[PDB]
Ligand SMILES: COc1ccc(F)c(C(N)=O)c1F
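One chain is shown next in structure tokens, namely the form deposited without 2,6-difluoro-3-methoxybenzamide.
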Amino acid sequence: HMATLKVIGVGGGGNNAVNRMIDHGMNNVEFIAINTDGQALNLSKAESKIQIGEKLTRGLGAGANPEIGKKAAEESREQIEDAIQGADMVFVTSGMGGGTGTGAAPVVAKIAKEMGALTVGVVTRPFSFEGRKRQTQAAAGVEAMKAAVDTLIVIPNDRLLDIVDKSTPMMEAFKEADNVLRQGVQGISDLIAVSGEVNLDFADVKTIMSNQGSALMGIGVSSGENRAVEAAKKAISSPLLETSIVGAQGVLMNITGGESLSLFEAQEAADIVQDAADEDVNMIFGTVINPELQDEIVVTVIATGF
């Protein structure tokens, strides 16, 4: 069984993350671009491009009207179903607040879930300087996303203001937000790709993300002494997340290292995750021994059950 992963960007921000992720390099992952704006769709790097609402918008965007984005997605449902067909897992990424992403993303996610695919949502909330009316429209879209996905990850754009200095280019900040989705997809792709000493597969991912709600996906790489503890702290500690690790009652943790991987340091990483959750976590533990890795360790964490 080779799992089919698809990343679908809905709207301007979602299709921007898709384009940037394609530049960074992402194989075995098929990309789908959905948008009402034909101008931006023509500039997409994705192999599957779907233009919605051409009759409602005449090629333009939703003009901040979520109703238009929702109607455009439903009118093009069969075109979305065809592009998704065959996918075992789908990542719907979109920026909430606008018309297309706010109204179309929940429709694309509902279609994916009804297509029988594991549907994960990675959406952003608008900056506070964009106004309160846009934060309210984004909340409705977030609530609509949570009802149509198996698992949801919200990234408030204000958190970007915490990881930047006064000169950080805006594009460099957006790339930090893109890492949440990209590395979460790569971690899942790597898990299904290699057979581990303590093996986890796509069935484990389904059991941890199926019909849960909020979730956290993080990866952490470290070296030297205390690498296990430091890697685990990086995988669960992200300043861009609305849903933290605290309160998680279900975790899928995979530690990847060389032949030096110690049982003692594996328990350290697990304890770090459970202690940080401050809950009695139902954990699914896996271990992969990559002899190429020298003194570096990788901790992948998928946390749900909030």
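Each residue number is its position in the shown sequence, starting from 1. Between two forms, the rigid core is the largest collection of C-alphas that superpose within 1.5 Å.
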Exercise. With the rigid core held as the alignment frame, decide whether 102-110 or 163-171 lies farther from the shown form in 7 other deposited structures of this protein, in terms of RMS C-alpha distance.
Key: 163-171
Exercise. Could you check whether 187-195 or 142-150 drifts more from the shown form in 7 other deposited structures of this protein, using RMS Cα distance once the core is superposed?
Key: 187-195
Quiz item: Mean C-alpha B factor from the entry: is it higher for 68-76 or for 220-228?
Solution: 220-228
Quiz item: Looking at the deposited entry, does 279-287 or 20-28 carry the larger mean Cα B-factor?
Solution: 20-28
Quiz prompt | Given 104, 194, 120, 160, the residue at which the Cα B factor reaches its maximum | solution = 194
Quiz item: By its CA B factor, does residue 41 count among the lowest, middle or highest third of the modelled residues in the chain?
Solution: highest
Practice problem: Sort the modelled residues of this chain by their C-alpha B factor and say whether residue 262 lands in the lowest, middle or highest third. | Solution: lowest
Quiz item: So where's residue 250 on the chain's Cα temperature factor ranking, which third?
Solution: middle
Quiz item: Based on the entry's values, in what third of the chain does the Cα temperature factor of residue 234 lie: lowest, middle or highest?
Solution: highest
Exercise. Select lowest, middle or highest to describe the third in which the CA B-factor of residue 240 falls within its chain in this entry.
Key: lowest
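FYI, the form deposited with 2,6-difluoro-3-methoxybenzamide bound isn't displayed, but the following is about it.
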Quiz item: Non-hydrogen atoms within 4.5 angstroms of 2,6-difluoro-3-methoxybenzamide in the bound PDB entry: do 195, 286 and 300 all have one?
Solution: yes
Practice problem: Choose from 76-84, 142-150, 183-191, 224-232 the stretch whose residues reach within 4.5 Å of 2,6-difluoro-3-methoxybenzamide in the bound PDB entry, heavy atoms counted. | Solution: 183-191
Quiz item: Might residue 199 be said to contact 2,6-difluoro-3-methoxybenzamide in the bound PDB entry, defining contact as any heavy atom within 4.5 Å?
Solution: yes
Quiz item: What residues of 235-267, in sequence order, lie within 4.5 Å of 2,6-difluoro-3-methoxybenzamide in the bound PDB entry by heavy atom?
Solution: 254
